[PDB]
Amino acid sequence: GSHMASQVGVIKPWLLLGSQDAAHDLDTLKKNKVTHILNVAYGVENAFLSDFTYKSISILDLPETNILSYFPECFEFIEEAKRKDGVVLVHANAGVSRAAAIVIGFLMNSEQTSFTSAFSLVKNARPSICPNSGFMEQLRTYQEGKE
């Protein structure tokens, strides 16, 4: 639909979580010092191609989507933005399910923190998160083989 105001969540100094409206808000991308944009929706345009480094990974917000399977490509890119001393916006469409799951899993992977703690960090930053129940269960299981 038509563009609306948005509120991104701060996950790390260098890692933001938000919606496609945030991805399409040049005023706030500027203010937030964004350098990198990770688009994990389906069919959302990258609007400012000369202005940011982009990565698009097509993902469907369905409970049968295996969110874990997209982690390497997402986490690679997130780490690129960090290594460059930039800021990455991770977004999808609503930015409450796919994109939320990616960031929760990124915290679990990068710092070996629990699902419950990663989830709480992300939801405190972005109270609108609400991952689909497939993603939820997938995240609960993630990396349990290393215990």
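Numbers for residues come from their place in the sequence shown, where the first is 1.
- Comparing 40-48 with 80-88, the higher mean C-alpha B-factor in the PDB entry belongs to 80-88.
- Remark: stretch with higher mean C-alpha B factor among 109-117 and 23-31 is 109-117.
- Per the PDB record, residue ranking by Cα B-factor puts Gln143 in the middle third of the chain.
- Among all modelled residues in its chain, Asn124 ranks in the highest third by Cα B-factor.
- Compared with the other modelled residues of the chain, the Cα B-factor recorded for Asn93 ranks in the lowest third.
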